[PDB]
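Novice: This is the content of target-v2.csv (CSV, C-alpha atoms and all ligand atoms):
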```csv
chain,number,residue,atom,x,y,z
O,1,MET,CA,27.3,17.1,27.7
O,2,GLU,CA,30.1,19.8,28.0
O,3,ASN,CA,32.9,17.2,27.4
O,4,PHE,CA,31.8,16.7,23.8
O,5,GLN,CA,32.0,18.8,20.6
O,6,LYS,CA,29.6,17.8,17.9
O,7,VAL,CA,31.0,18.0,14.3
O,8,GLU,CA,27.8,16.9,12.4
O,9,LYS,CA,24.6,14.9,12.4
O,10,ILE,CA,25.4,11.3,11.5
O,11,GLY,CA,21.7,10.2,11.3
O,12,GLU,CA,18.5,9.4,13.1
O,13,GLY,CA,18.3,6.2,15.1
O,14,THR,CA,15.4,4.1,16.5
O,15,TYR,CA,15.3,6.0,19.9
O,16,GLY,CA,17.2,9.1,19.0
O,17,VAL,CA,19.6,11.1,16.9
O,18,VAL,CA,23.3,10.3,16.4
O,19,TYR,CA,26.1,12.8,16.0
O,20,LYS,CA,29.7,12.5,15.2
O,21,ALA,CA,31.5,14.2,18.0
O,22,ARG,CA,35.0,14.7,19.5
O,23,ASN,CA,35.5,14.0,23.2
O,24,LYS,CA,37.7,16.7,24.6
O,25,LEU,CA,39.0,14.5,27.4
O,26,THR,CA,40.3,11.8,25.0
O,27,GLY,CA,40.5,13.6,21.7
O,28,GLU,CA,38.8,10.5,20.2
O,29,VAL,CA,36.1,10.9,17.5
O,30,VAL,CA,32.9,9.3,18.7
O,31,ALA,CA,29.3,8.6,17.7
O,32,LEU,CA,27.1,10.3,20.2
O,33,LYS,CA,23.5,9.2,20.5
O,34,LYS,CA,21.0,11.4,22.4
O,35,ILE,CA,18.1,9.3,23.6
O,36,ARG,CA,14.5,10.7,23.4
O,48,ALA,CA,16.4,1.3,30.8
O,49,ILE,CA,19.5,2.5,32.8
O,50,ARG,CA,19.9,-1.1,33.9
O,51,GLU,CA,19.2,-2.7,30.5
O,52,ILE,CA,21.6,-0.3,28.9
O,53,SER,CA,24.5,-1.0,31.4
O,54,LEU,CA,24.1,-4.6,30.5
O,55,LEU,CA,24.7,-3.7,26.8
O,56,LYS,CA,27.9,-1.9,27.9
O,57,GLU,CA,29.3,-5.3,28.7
O,58,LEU,CA,28.3,-6.9,25.3
O,59,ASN,CA,31.6,-6.8,23.4
O,60,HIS,CA,32.4,-8.5,20.1
O,61,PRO,CA,34.3,-7.7,16.9
O,62,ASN,CA,31.0,-7.4,14.9
O,63,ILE,CA,29.1,-5.2,17.4
O,64,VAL,CA,29.7,-1.4,17.5
O,65,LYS,CA,31.3,-0.8,21.0
O,66,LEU,CA,29.2,1.1,23.6
O,67,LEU,CA,32.0,3.2,25.2
O,68,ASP,CA,30.1,5.2,27.8
O,69,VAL,CA,26.6,6.0,29.2
O,70,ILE,CA,26.0,9.5,30.4
O,71,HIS,CA,22.9,9.9,32.4
O,72,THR,CA,23.0,13.5,33.4
O,73,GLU,CA,20.5,16.2,34.3
O,74,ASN,CA,17.8,13.7,33.7
O,75,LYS,CA,19.1,13.2,30.2
O,76,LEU,CA,20.6,10.1,28.5
O,77,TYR,CA,23.4,10.1,26.0
O,78,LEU,CA,25.1,6.9,24.8
O,79,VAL,CA,28.6,7.2,23.5
O,80,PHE,CA,29.7,4.7,20.9
O,81,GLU,CA,32.9,4.1,18.9
O,82,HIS,CA,32.6,5.9,15.5
O,83,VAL,CA,32.7,3.8,12.4
O,84,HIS,CA,33.9,5.1,9.1
O,85,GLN,CA,30.8,4.4,6.9
O,86,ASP,CA,27.4,2.6,6.8
O,87,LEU,CA,26.3,-0.1,4.3
O,88,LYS,CA,23.5,1.8,2.7
O,89,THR,CA,25.9,4.5,1.6
O,90,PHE,CA,28.3,1.8,0.3
O,91,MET,CA,25.4,0.0,-1.6
O,92,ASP,CA,24.3,3.4,-3.1
O,93,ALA,CA,27.8,4.1,-4.3
O,94,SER,CA,28.2,0.6,-5.9
O,95,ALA,CA,24.8,0.3,-7.6
O,96,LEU,CA,26.3,0.5,-11.1
O,97,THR,CA,28.6,-2.5,-10.7
O,98,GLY,CA,27.2,-4.1,-7.6
O,99,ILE,CA,29.1,-5.2,-4.5
O,100,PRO,CA,31.4,-8.1,-5.5
O,101,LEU,CA,30.2,-11.5,-4.2
O,102,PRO,CA,33.3,-12.3,-2.2
O,103,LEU,CA,32.6,-9.2,-0.2
O,104,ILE,CA,28.8,-9.8,0.2
O,105,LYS,CA,29.7,-13.3,1.5
O,106,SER,CA,32.3,-11.9,4.0
O,107,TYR,CA,29.9,-9.3,5.2
O,108,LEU,CA,27.0,-11.8,5.6
O,109,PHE,CA,29.3,-14.3,7.5
O,110,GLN,CA,30.6,-11.6,9.9
O,111,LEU,CA,27.0,-10.3,10.4
O,112,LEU,CA,25.9,-13.9,11.3
O,113,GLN,CA,28.8,-14.1,13.9
O,114,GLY,CA,27.7,-10.9,15.6
O,115,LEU,CA,24.0,-12.0,15.5
O,116,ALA,CA,24.9,-15.5,16.9
O,117,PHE,CA,26.8,-13.8,19.7
O,118,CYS,CA,23.9,-11.4,20.6
O,119,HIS,CA,21.4,-14.2,20.2
O,120,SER,CA,23.3,-16.4,22.7
O,121,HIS,CA,23.1,-13.5,25.2
O,122,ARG,CA,19.3,-13.3,24.6
O,123,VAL,CA,19.7,-9.9,22.9
O,124,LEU,CA,17.6,-9.1,19.8
O,125,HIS,CA,18.3,-6.4,17.4
O,126,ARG,CA,14.8,-5.9,16.0
O,127,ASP,CA,15.4,-3.2,13.5
O,128,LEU,CA,18.2,-4.3,11.2
O,129,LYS,CA,18.7,-2.3,8.1
O,130,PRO,CA,21.6,-1.1,5.8
O,131,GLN,CA,21.7,2.3,7.6
O,132,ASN,CA,22.7,0.7,10.8
O,133,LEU,CA,25.2,-1.8,9.5
O,134,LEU,CA,28.6,-0.2,9.8
O,135,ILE,CA,31.7,-0.9,7.7
O,136,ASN,CA,35.4,0.1,8.1
O,137,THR,CA,38.3,0.4,5.6
O,138,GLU,CA,39.6,-3.0,6.7
O,139,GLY,CA,36.7,-5.3,5.6
O,140,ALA,CA,34.9,-5.6,8.9
O,141,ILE,CA,31.2,-4.8,9.3
O,142,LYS,CA,29.4,-4.1,12.6
O,143,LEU,CA,25.8,-4.2,14.0
O,144,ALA,CA,24.7,-0.8,15.6
O,145,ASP,CA,21.4,0.7,17.0
O,146,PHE,CA,21.2,-2.6,18.9
O,147,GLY,CA,19.7,-3.8,22.2
O,148,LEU,CA,18.0,-0.4,22.7
O,149,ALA,CA,14.3,-1.4,22.2
O,164,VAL,CA,9.7,4.5,9.4
O,165,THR,CA,11.2,1.9,7.0
O,166,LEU,CA,9.2,-1.3,7.2
O,167,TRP,CA,11.1,-3.1,4.5
O,168,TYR,CA,13.1,-5.4,6.7
O,169,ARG,CA,10.2,-6.3,9.2
O,170,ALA,CA,9.5,-10.0,9.7
O,171,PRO,CA,5.9,-11.0,8.9
O,172,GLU,CA,5.2,-12.1,12.5
O,173,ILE,CA,5.7,-8.4,13.6
O,174,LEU,CA,3.4,-7.2,10.8
O,175,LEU,CA,0.7,-9.8,11.9
O,176,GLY,CA,0.9,-8.3,15.4
O,177,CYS,CA,2.8,-10.9,17.3
O,178,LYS,CA,4.2,-9.3,20.5
O,179,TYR,CA,6.4,-12.1,21.8
O,180,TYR,CA,8.8,-12.4,18.8
O,181,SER,CA,12.1,-14.3,18.8
O,182,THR,CA,15.7,-13.9,17.6
O,183,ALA,CA,14.3,-15.2,14.2
O,184,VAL,CA,13.1,-11.7,13.4
O,185,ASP,CA,16.8,-10.7,12.9
O,186,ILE,CA,17.5,-13.6,10.6
O,187,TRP,CA,14.5,-12.5,8.4
O,188,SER,CA,15.8,-8.8,8.2
O,189,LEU,CA,19.3,-10.2,7.4
O,190,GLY,CA,17.7,-12.3,4.6
O,191,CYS,CA,16.2,-9.2,3.2
O,192,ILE,CA,19.5,-7.3,3.3
O,193,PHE,CA,21.4,-10.3,1.7
O,194,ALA,CA,18.9,-10.3,-1.2
O,195,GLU,CA,19.2,-6.4,-1.7
O,196,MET,CA,23.0,-6.6,-1.8
O,197,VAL,CA,22.8,-9.2,-4.6
O,198,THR,CA,20.2,-7.7,-6.8
O,199,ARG,CA,20.8,-4.0,-5.9
O,200,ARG,CA,17.1,-3.6,-5.3
O,201,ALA,CA,15.1,-3.8,-2.1
O,202,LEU,CA,13.3,-7.1,-1.8
O,203,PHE,CA,10.0,-5.9,-0.2
O,204,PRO,CA,9.8,-2.1,-0.4
O,205,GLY,CA,6.5,-1.6,1.3
O,206,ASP,CA,5.1,1.9,2.1
O,207,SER,CA,2.6,1.0,4.8
O,208,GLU,CA,2.1,-2.2,7.0
O,209,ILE,CA,-0.5,-3.7,4.8
O,210,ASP,CA,1.4,-2.9,1.5
O,211,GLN,CA,4.5,-4.4,3.2
O,212,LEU,CA,2.6,-7.6,4.1
O,213,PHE,CA,1.2,-7.9,0.6
O,214,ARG,CA,4.5,-7.4,-1.2
O,215,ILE,CA,5.9,-10.4,1.0
O,216,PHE,CA,2.8,-12.5,0.2
O,217,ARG,CA,3.0,-11.8,-3.5
O,218,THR,CA,6.5,-13.2,-3.6
O,219,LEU,CA,6.6,-15.9,-1.1
O,220,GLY,CA,2.9,-16.9,-1.3
O,221,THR,CA,0.1,-16.1,1.1
O,222,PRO,CA,0.9,-18.3,4.1
O,223,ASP,CA,-1.4,-20.9,5.6
O,224,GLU,CA,-1.6,-23.3,8.4
O,225,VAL,CA,0.4,-25.8,6.4
O,226,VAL,CA,3.6,-23.7,5.9
O,227,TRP,CA,3.0,-21.7,9.2
O,228,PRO,CA,1.0,-23.5,11.9
O,229,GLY,CA,-0.8,-20.9,14.1
O,230,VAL,CA,-0.7,-18.1,11.5
O,231,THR,CA,-4.5,-17.8,11.2
O,232,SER,CA,-4.4,-17.1,14.9
O,233,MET,CA,-2.1,-14.0,14.8
O,234,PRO,CA,-3.9,-10.9,16.1
O,235,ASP,CA,-3.9,-9.0,12.8
O,236,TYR,CA,-4.4,-12.0,10.5
O,237,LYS,CA,-7.6,-11.6,8.4
O,238,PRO,CA,-9.2,-14.5,6.5
O,239,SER,CA,-9.9,-12.0,3.8
O,240,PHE,CA,-6.2,-11.7,2.7
O,241,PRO,CA,-5.9,-12.3,-1.0
O,242,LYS,CA,-4.4,-15.7,-1.9
O,243,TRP,CA,-1.2,-15.4,-3.9
O,244,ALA,CA,1.0,-18.2,-5.3
O,245,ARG,CA,4.7,-18.3,-4.3
O,246,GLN,CA,7.3,-17.4,-6.9
O,247,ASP,CA,10.5,-19.3,-7.6
O,248,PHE,CA,13.6,-17.8,-5.8
O,249,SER,CA,15.6,-18.2,-9.1
O,250,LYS,CA,13.4,-15.4,-10.4
O,251,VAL,CA,13.8,-13.4,-7.2
O,252,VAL,CA,17.5,-13.3,-6.7
O,253,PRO,CA,19.3,-13.8,-10.0
O,254,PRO,CA,22.1,-14.6,-10.3
O,255,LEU,CA,22.7,-15.9,-6.8
O,256,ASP,CA,24.1,-19.5,-7.0
O,257,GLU,CA,22.2,-22.5,-5.6
O,258,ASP,CA,24.0,-22.6,-2.3
O,259,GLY,CA,23.2,-18.9,-1.8
O,260,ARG,CA,19.6,-19.3,-2.8
O,261,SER,CA,19.1,-22.2,-0.5
O,262,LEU,CA,20.6,-20.4,2.5
O,263,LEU,CA,18.4,-17.4,1.6
O,264,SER,CA,15.2,-19.5,1.4
O,265,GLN,CA,15.9,-20.8,4.9
O,266,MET,CA,16.3,-17.2,6.4
O,267,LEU,CA,13.1,-16.3,4.8
O,268,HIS,CA,10.9,-19.2,6.0
O,269,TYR,CA,7.5,-17.8,7.2
O,270,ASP,CA,7.4,-19.9,10.4
O,271,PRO,CA,10.0,-18.4,12.9
O,272,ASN,CA,10.6,-21.8,14.4
O,273,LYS,CA,11.7,-23.2,11.0
O,274,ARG,CA,13.8,-20.1,10.1
O,275,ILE,CA,17.6,-21.0,10.2
O,276,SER,CA,19.4,-19.7,13.4
O,277,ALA,CA,22.6,-17.6,13.0
O,278,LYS,CA,24.8,-20.3,14.5
O,279,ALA,CA,23.5,-22.9,12.1
O,280,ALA,CA,23.8,-20.6,9.1
O,281,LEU,CA,27.6,-20.1,9.9
O,282,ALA,CA,28.1,-23.8,8.9
O,283,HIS,CA,26.1,-23.6,5.6
O,284,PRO,CA,27.9,-24.6,2.4
O,285,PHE,CA,27.6,-21.1,1.0
O,286,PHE,CA,30.4,-20.1,3.4
O,287,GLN,CA,32.8,-22.9,2.4
O,288,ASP,CA,34.9,-20.4,0.3
O,289,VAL,CA,34.6,-17.2,2.5
O,290,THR,CA,37.6,-14.9,2.7
O,291,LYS,CA,37.8,-11.4,4.1
O,292,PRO,CA,38.6,-9.1,1.1
O,293,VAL,CA,39.2,-5.4,1.5
O,294,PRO,CA,36.5,-3.1,0.2
O,295,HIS,CA,37.1,-0.2,-2.2
O,296,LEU,CA,35.5,2.6,-0.3
O,297,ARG,CA,35.4,6.4,-0.9
O,298,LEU,CA,35.7,9.2,1.6
T,1,LIG,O1,29.6,5.0,13.7
T,1,LIG,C1,28.8,5.3,12.8
T,1,LIG,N1,29.2,5.7,11.6
T,1,LIG,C2,28.3,6.1,10.6
T,1,LIG,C3,28.6,6.8,9.5
T,1,LIG,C4,27.3,7.0,8.8
T,1,LIG,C5,27.1,7.8,7.6
T,1,LIG,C6,25.7,8.1,7.2
T,1,LIG,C7,25.8,8.8,5.8
T,1,LIG,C8,27.3,8.5,5.3
T,1,LIG,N2,27.8,7.5,6.3
T,1,LIG,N3,26.4,6.4,9.6
T,1,LIG,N4,26.9,5.9,10.6
T,1,LIG,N5,27.5,5.2,13.0
T,1,LIG,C9,26.8,4.8,14.2
T,1,LIG,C10,27.6,4.6,15.4
T,1,LIG,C11,27.0,4.3,16.6
T,1,LIG,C12,25.6,4.1,16.7
T,1,LIG,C13,24.8,4.3,15.6
T,1,LIG,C14,25.4,4.7,14.3
T,1,LIG,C15,24.2,4.8,13.3
T,1,LIG,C16,23.8,6.0,12.6
T,1,LIG,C17,22.3,5.8,12.3
T,1,LIG,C18,21.8,5.1,13.6
T,1,LIG,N6,23.0,4.5,14.1
T,1,LIG,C19,23.3,4.2,15.4
T,1,LIG,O2,22.5,3.9,16.3
```
What do you get writing this file as structure tokens?
Ligand SMILES: O=C(Nc1cc([C@@H]2CCCN2)[nH]n1)Nc1cccc2c1[C@@H]1CCCN1C2=O

Specialist:
Amino acid sequence: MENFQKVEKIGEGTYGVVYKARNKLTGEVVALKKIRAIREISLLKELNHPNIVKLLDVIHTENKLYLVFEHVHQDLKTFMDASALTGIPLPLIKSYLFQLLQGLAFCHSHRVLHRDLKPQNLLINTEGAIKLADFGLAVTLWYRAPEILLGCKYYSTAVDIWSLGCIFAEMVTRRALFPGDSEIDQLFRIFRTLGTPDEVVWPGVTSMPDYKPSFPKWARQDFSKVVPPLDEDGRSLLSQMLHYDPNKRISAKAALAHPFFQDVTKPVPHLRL
């Protein structure tokens, strides 16, 4: 719209492109997302929390839709790329995970799923906060829960916990946990690490629409091999976020009281700009 001046492309989102823009009327720098609903989006406008990027305005004009969000200094993927030589320090990984769980517990209690969590849409500021973006709107497959890969259409909030498990693991080891390049390769990288699932660990799995009896049968690896050198409290919380069965996967509210968070603090990151 004519009230905005775009400075540059910030990035592509699930349902559209995002630009950094300045709003002439306010002089504020903003993140402007041009889409490709009205009601489902206006609801999101009222979803405010410290760990959720704020939806400022919705502009439905000339049969077009633009969502105006607060602009956040940097994204987590850029931050992880910049720290891959020394790795993000643990006190910071723990702070970020804890704040992420708070925003997810808040969205989840309002029945709002994220569905596409990834480092690119996790936003961090100079003060140590982190925020969920590209939310409640509803291609990298790396953070996709197995139930989506197996063609389940009525998935739950547990899909977000799984994606968050994957990110947590990546922040610790500085390597993507399951970097698949197609849906079947994605499923197989998961099975190769966590074991091919069966009716014992995941009741109803052989009944998923895309489940095939011909899937190879792989043994599960130990998590101590998967996430060195995460401590035992961290590994145990992680194994609970990565349970195959969505009904057994830990919820965000429950994970907030896990012993891994006993010593959380909110350190300030060292970020370049
Ligand atoms: O506020 C920001 N800040 C930034 C900054 C950056 C960049 C990307 C390269 C360097 N840092 N991405 N996002 N981003 C932002 C704000 C509101 C909504 C969204 C986003 C991101 C961009 C990708 C999809 N996202 C959204 O749906």

Novice: Taking all atoms listed in the file into account, which of O:177, O:126, O:102, O:198 comes nearest residue 287 of chain O?

Specialist: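 Ranking O:177, O:126, O:102, O:198 by distance to residue 287 of chain O, first place goes to O:102.
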
Novice: What do you get as a ChimeraX atom specification if you pick all residues at most 6 Å from ligand LIG 1 (chain T), counting only C-alpha atoms and all ligand atoms?

Specialist: /O:10-13,18,31,80,82-86,89,131-132,144-145

Novice: For residue 233 of chain O, work out the shell of residues within 10 Å, counting all atoms listed in the file and skipping chain neighbours fewer than 4 positions away, then give it as a list in words.

Specialist: residues 172, 173, 174, 175, 176, 177, 178, 229 and 237 of chain O

Novice: Print the selection's residues with C-alpha atoms to a file, as a PDB file, in the coordinates of the input.

Specialist:
```pdb
ATOM      1  CA  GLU O 172       5.200 -12.100  12.500  1.00  0.00           C
ATOM      2  CA  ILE O 173       5.700  -8.400  13.600  1.00  0.00           C
ATOM      3  CA  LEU O 174       3.400  -7.200  10.800  1.00  0.00           C
ATOM      4  CA  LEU O 175       0.700  -9.800  11.900  1.00  0.00           C
ATOM      5  CA  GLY O 176       0.900  -8.300  15.400  1.00  0.00           C
ATOM      6  CA  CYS O 177       2.800 -10.900  17.300  1.00  0.00           C
ATOM      7  CA  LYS O 178       4.200  -9.300  20.500  1.00  0.00           C
ATOM      8  CA  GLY O 229      -0.800 -20.900  14.100  1.00  0.00           C
ATOM      9  CA  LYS O 237      -7.600 -11.600   8.400  1.00  0.00           C
TER      10      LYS O 237
END
```

Novice: Taking all atoms listed in the file into account, which of O:91, O:183, O:289, O:123 comes nearest residue 110 of chain O?

Specialist: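 Checking each candidate against residue 110 of chain O, we get O:289 as the closest.
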
Novice: Within 6 Å of segment 20-28 of chain O, counting only C-alpha atoms, which residues qualify if same-chain residues fewer than 3 places away don't, as JSON, numbers by chain?

Specialist: {"O": [3, 4, 5, 6, 7, 8, 10, 31]}

Novice: Could you check which residues have any atom within 7 Å of (13.8, -5.3, 2.1), counting all atoms listed in the file with coordinates taken straight from the file, and then list them as a PDB file with C-alpha atoms, in the coordinates of the input?

Specialist:
```pdb
ATOM      1  CA  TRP O 167      11.100  -3.100   4.500  1.00  0.00           C
ATOM      2  CA  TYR O 168      13.100  -5.400   6.700  1.00  0.00           C
ATOM      3  CA  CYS O 191      16.200  -9.200   3.200  1.00  0.00           C
ATOM      4  CA  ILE O 192      19.500  -7.300   3.300  1.00  0.00           C
ATOM      5  CA  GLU O 195      19.200  -6.400  -1.700  1.00  0.00           C
ATOM      6  CA  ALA O 201      15.100  -3.800  -2.100  1.00  0.00           C
ATOM      7  CA  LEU O 202      13.300  -7.100  -1.800  1.00  0.00           C
ATOM      8  CA  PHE O 203      10.000  -5.900  -0.200  1.00  0.00           C
ATOM      9  CA  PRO O 204       9.800  -2.100  -0.400  1.00  0.00           C
TER      10      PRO O 204
END
```

Novice: Nearest to residue 114 of chain O: which of O:238, O:147, O:61, O:139 is it, counting all atoms listed in the file?

Specialist: O:61

Novice: Which residues are near residue 278 of chain O? Cut-off 8 Å, all atoms listed in the file, ignore same chain within fewer than 2 positions. Put them as a ChimeraX atom specification.

Specialist: /O:112-113,116,276,280-282

Novice: May I ask for the distance between atom CA of residue 285 of chain O and atom CA of residue 259 of chain O, given in Å to one decimal place?

Specialist: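 If I compute the distance from atom CA of residue 285 of chain O to atom CA of residue 259 of chain O, I get 5.7 Å.
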
Novice: At most 8 Å from (33.1, 7.0, 27.5), file frame, only C-alpha atoms: which residues, as a VMD selection string?

Specialist: chain O and resid 67 to 69 79 to 80

Novice: How far is it from atom CA of residue 119 of chain O to atom CA of residue 181 of chain O, in Å with one decimal?

Specialist: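 Computing the Euclidean distance for atom CA of residue 119 of chain O and atom CA of residue 181 of chain O yields 9.4 Å.
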
Novice: Excluding residue 226 of chain O and its own-chain neighbours fewer than 5 positions away, which residues fall within 12 Å of it when counting all atoms listed in the file? Please give them as an MDAnalysis selection string.

Specialist: chainID O and resid 219:221 231 245 268:274
